[PDB]
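The data below hold one chain only, encoded as structure tokens and taken in the form deposited in one PDB entry.
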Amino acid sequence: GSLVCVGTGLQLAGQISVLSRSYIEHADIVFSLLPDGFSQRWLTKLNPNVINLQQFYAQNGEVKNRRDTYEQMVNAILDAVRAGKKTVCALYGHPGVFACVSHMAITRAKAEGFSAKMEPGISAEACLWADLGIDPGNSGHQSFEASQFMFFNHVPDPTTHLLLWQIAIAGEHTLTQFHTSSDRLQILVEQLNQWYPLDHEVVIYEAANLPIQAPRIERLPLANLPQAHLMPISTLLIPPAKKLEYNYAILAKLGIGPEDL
């Protein structure tokens, strides 16, 4: 048995890598977590031996810690590897970006002496730079899970593009609910107001998952975030609020002057 974790990107059918599609095609069995039924149909035509990981999320009125969903997904994948199957995990986007299941399954498979690896995919962030026409390399960029930002002591650099992922469950502490409330979002706005003005323009971004679909690129003042309609697929982009300042201490050591930049 062996494990390869691949990403399908965000857009239906066309955003998977050539090699990643080849892994799915040649797999004994595929474990899938895909955005919608169109993607599921596409995958099933590529390889009919699919197990949908969606089934391990809390269903008909069950209270289930998301950690236990992830553990059951990892166990399901590893059961196929242990049985001797050439196993592929097909996750939407990049399988290792704001996703623990692939990282966990690869670690566990390696510990049990199985061949395992991750193939990079096109993430929601990769789609965001393209759709917004931003070069994040030169500009710099930062990413935090919205809840981790609230529950733990994080400091953003307000001169640099800030992404808050999973904004729709921001401050939901139980990990048993798949939304949050405007009171939790109001507390996040107050937290962000340390560095970002209340009238600071932020962007609710949703990459399109279908080729007939335009992305959501919704500009609004930070203050209005708590009233905004958010989806599980929503990412919040907070552009810089603060002008760059010269690092005089380091420029001096380099022997270069501000005038020169």
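Take the two forms, find the largest set of C-alpha atoms that superpose within 1.5 Å, and that set is the rigid core. One rule holds for the numbers: they count along the sequence shown, beginning at 1.
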So 30-38 or 60-68, which one's hotter by mean CA B-factor in the entry?
-> 60-68
With respect to the recorded C-alpha B factors, which stretch has the higher mean value, 69-77 or 177-185?
-> 177-185
The residue of 235, 209, 55, 44 with the maximal C-alpha B-factor according to the PDB record is 55
Sorting the chain's modelled residues by C-alpha B-factor, tell me whether residue 135 ends up in the lowest, middle or highest third.
-> middle
Chain thirds of CA B-factor: placement of residue 125 = lowest
Compared with the other modelled residues in the chain, in which third is the CA B-factor of residue 50?
-> lowest
Assigned third (lowest, middle, highest) for the C-alpha B factor of residue 113 = highest
Compare the C-alpha B factor of residue 258 with those of the other modelled residues in its chain, then answer lowest, middle or highest third.
-> highest
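Only in words, not in the display: the form deposited in another entry, which the text now covers.
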Only residue that shifts (Cα, 2 Å or more, rigid core superposed) between the shown form and the other one, among 191, 143, 159, 72 = 72
Can we say the CA of residue 55 moves by at least 2 Å between the shown form and the other one when the core is superposed?
-> yes
